[PDB]
Amino acid sequence: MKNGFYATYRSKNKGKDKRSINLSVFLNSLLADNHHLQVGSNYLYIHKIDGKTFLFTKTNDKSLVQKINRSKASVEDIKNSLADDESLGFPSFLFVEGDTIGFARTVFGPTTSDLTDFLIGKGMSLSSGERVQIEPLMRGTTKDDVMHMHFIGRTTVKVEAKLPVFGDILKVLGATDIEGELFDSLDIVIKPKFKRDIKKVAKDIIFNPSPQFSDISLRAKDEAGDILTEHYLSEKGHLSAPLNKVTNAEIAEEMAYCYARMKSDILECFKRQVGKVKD
Amino acid sequence: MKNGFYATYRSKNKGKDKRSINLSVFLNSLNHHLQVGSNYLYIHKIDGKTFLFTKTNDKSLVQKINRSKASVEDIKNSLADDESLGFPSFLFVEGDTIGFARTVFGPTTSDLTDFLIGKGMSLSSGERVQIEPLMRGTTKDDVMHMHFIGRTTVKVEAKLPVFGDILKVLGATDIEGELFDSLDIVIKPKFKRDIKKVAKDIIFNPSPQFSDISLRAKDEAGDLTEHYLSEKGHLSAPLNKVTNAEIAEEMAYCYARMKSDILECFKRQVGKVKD
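What follows is the structure, encoded as structure tokens:
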């Protein structure tokens with residue numbers, strides 16, 4: 001699945017007077033009387049998986065719309081269904097945490113643009129001239145995608161303290177006794193000079209068949225003309241993988257895990273790109 | 001010399017509202036003396052982004068400076084230790100940050116705030132000018148009396164041999180060191196755990212594998229403070245036989261190195277300053 005982390009808020013144009021959309025409260029209040037929102041020829045549904053994670057599905061197949069309306073019992077317990085059965089439509093997955101979200105979509109699952117329309121059509125309260133915004137903060141990438149990147153700048157290599165290479169790096173700096181119980185992790189922030197492309201080193205570390213990292217964040221351009229964008233990558237890709245026997249609740253655990261790993265980066269991104277949100 | 005890296009802004013609304021003081025513009029617009040009681044403060048440019056900031060209460064020295072009217076070139080080549088302009092501090096300016104280094108009798112960052120204010124920096128209602136420490140310089144000596152060391156960042160300029168050693172460990176077998184500025188090893192302990200052993204082992208390596216280190220730490224017991233430590237020292241060393249211009253070169257060179265680290269302690273400790 002393609003995955004990313006986003007800010008959410010509603011605001012005047014040019015991001016003036018950003019305010020929280022209370023996304024968890026909003027969505028949780030919709031569940032008791034749960035119906036699709038139709039948008040053009042598309043039908044969109046939200047269903048809870050657990051406290052922080054929702055299943056966001058989409059279809060334009062009227063016979064699937066029919067089956068969902070008549071399968072009221074299959075509709076209410078989905079936490080332990082296979083994600084790839086697509087009984088509720090093409091799936092995307094939404095992890096909610098205050099003014100930030102995590103979001104993962106299958107090939108045909110709904111988009112954050114769809115999610116914006118869902119929130120409008122479901123009755124997001126909005127002043128005149130106020131609109132809902134879902135702002136990308138970081139994008140999840142894979143190893144083959146990294147190999148096609150046009151430009152790579154600052155690359156940050158995160159090493160959990162349990163990795164052997166963690167003790168290697170401290171030792172070469174002069175550490176004689178590393179008590180792993182004291183440490184969470186270390187980061188190697190590899191900073192280019194000027195706007196120089198360090199994609200050869202960055203690619204060499206990321207494609208190492210003996211990966212010496214737990215996670216990697218890098219600033220990159222996919223193509224010429226793209227904006228410098230923060231990407232993240234897990235050694236255990238997990239969320240990149242195909243669905244295959246995974247259950248909706250297992251994806252929601254993967255996402256809470258991913259958000260915990262990245263939370264420090266997320267809020268860093270949040271405060272620079274977005275600024276403050278009330279509340 | 002006592003020295004540090006600071007953020008500068010105009011602050012109001014419980015400190016929530018922070019506005020740029022545009023310090024380079026303001027200083028370059030200045034009339035070199037302010038008398039504050041029986042003291043006199045003096046700013047003159049040295050070179051580029053560094054200004055000389057001095058203090059005296061000898062009235063006769065003040066009238067001599069005023070008539071002499073020392074040229075930019077005269078001040079650059081002056082012995083820094085000579086105090087023919089008063090007891091010196093040094094002020095490097097870039098955007099909303101400063102490097103600031105004072106001699107034991109040089110003016111302080113309150114003196115500097117005094118000087119900007121008495122020279123007509125404009126304030127709004129309930130607004131104050133603030134120079135906020137981001138990173139205080141320290142020495143290997145001082146680290147020795149430190150009994151708690153938290154998160155710790157090892158800066159490695161790309162010229163050091165351990166830069167390529169580290170990259171190869173991670174699997175990089177084709178390093179064009181000219182592409183690179185440096186790397187940082189950010190060492191993160193578990194919640195509030197004390198990692199002074201690994202930290203001191205690195206800092207006190209008789210064959211240092213670093214260019215600079217910054218760390219969160221408390222000197223004695225009961226006090228987290230962001231410190232930084234430079235291979236060489238230079239600024240931390242006393243004002244001997246060096247010139248104001250040489251200090252300025254050091255100021256600039258030190259700032260250029262730490263730039264990354266200052267700009268992050270910025271966004272963490274102060275956040276956003278509207279410009």
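So the protein lines, in turn, are chains B and A. For what it's worth, the authors' numbering labels the leading residue of the first sequence as 1, then goes sequentially. Going by the authors' numbering, the letters in the second sequence line up with residues 1 to 30, 34 to 226, 228 to 279, in that order. Cβ coordinates follow ideal geometry from the N, Cα and C atoms, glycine included.
Around the beta carbon of A:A83, a 10 Å sphere encloses 16 or more other beta carbons of the protein chains shown; the residue is thus reported as buried. Taking 8 Å as the threshold, the shortest C-beta distance from A:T142 to chain B does not fall below it.
Among the residues of the region 151 to 176 of chain A, those with a Cβ less than 8 Å away from any Cβ of chain B are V157, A161, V165, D168, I169, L170, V172, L173, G174, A175, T176, in the order of the chain.
The Cβ-Cβ distance between B:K221 and A:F183 does not fall below 8 Å.
By the neighbour-count definition (other C-beta atoms within 10 Å, threshold 16), B:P242 is an exposed residue. Looking at the DSSP output, A:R139 bridges to A:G4, A:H231. Here B:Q273 has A7, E135, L137 as same chain residues with Cβ atoms under 8 Å from its own Cβ, once five neighbours each way along the sequence are excluded.
Proximity of the region 175 to 191 of chain A to the region 239 to 258 of chain A falls short of the contact definition, fewer than three beta-carbon pairs being nearer than 8 Å. Assignment of A:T112 by DSSP, reduced to helix, strand and coil, places it in the helix class. Taking 8 Å as the threshold, the shortest C-beta distance from B:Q212 to chain A falls below it.
For the 8 Å CB-CB criterion, A:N60 and A:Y43 form a contact. Between B:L27 and B:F5, the C-beta spacing is not below 8 Å.
Here A:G102 is bridged, per DSSP, to A:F5, A:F95. The region 252 to 261 of chain B and the region 14 to 25 of chain B do not touch, with fewer than three beta-carbon pairs separated by less than 8 Å.
In this chain, the beta strand (DSSP E) harbouring B:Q38 covers 37 to 39. Around the Cβ of B:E230, a 10 Å sphere holds 16 or more other Cβ atoms; the residue is buried.
Residue contact with chain A for B:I190: present (Cβ-Cβ distance below 8 Å to some residue of chain A). Distance from the Cα of B:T100 is smallest, within the candidate group B:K171, B:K16, B:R10, for B:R10. Chain order gives no chain B residues near A:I266, where near means a beta carbon separation below 7 Å; the closest approach is about 14 Å.
Of A:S185, A:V172, A:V201, A:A161, the smallest CA-CA separation from A:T155 is found for A:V201. The criterion of a C-beta distance shorter than 8 Å is not satisfied by B:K191 and B:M149. A straight-line Cα-Cα distance of about 7 Å links A:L37 and A:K122. At a beta-carbon threshold of 7 Å, the residues of chain A lying near B:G275 are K276, ordered along the chain. Think of a sphere of 8 Å around the beta carbon of B:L186: the chain A residues whose beta carbon falls inside it are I188, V189, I190, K191, in chain order.
Across the region 62 to 74 of chain B, no CB contact with chain A closer than 9 Å is found for any residue. Each residue's CA atom was taken as its position, placing B:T142 and B:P110 some 21 Å apart. Chain-ordered, the chain B residues with CB closer than 7 Å to the CB of A:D204 read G174, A175, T176.
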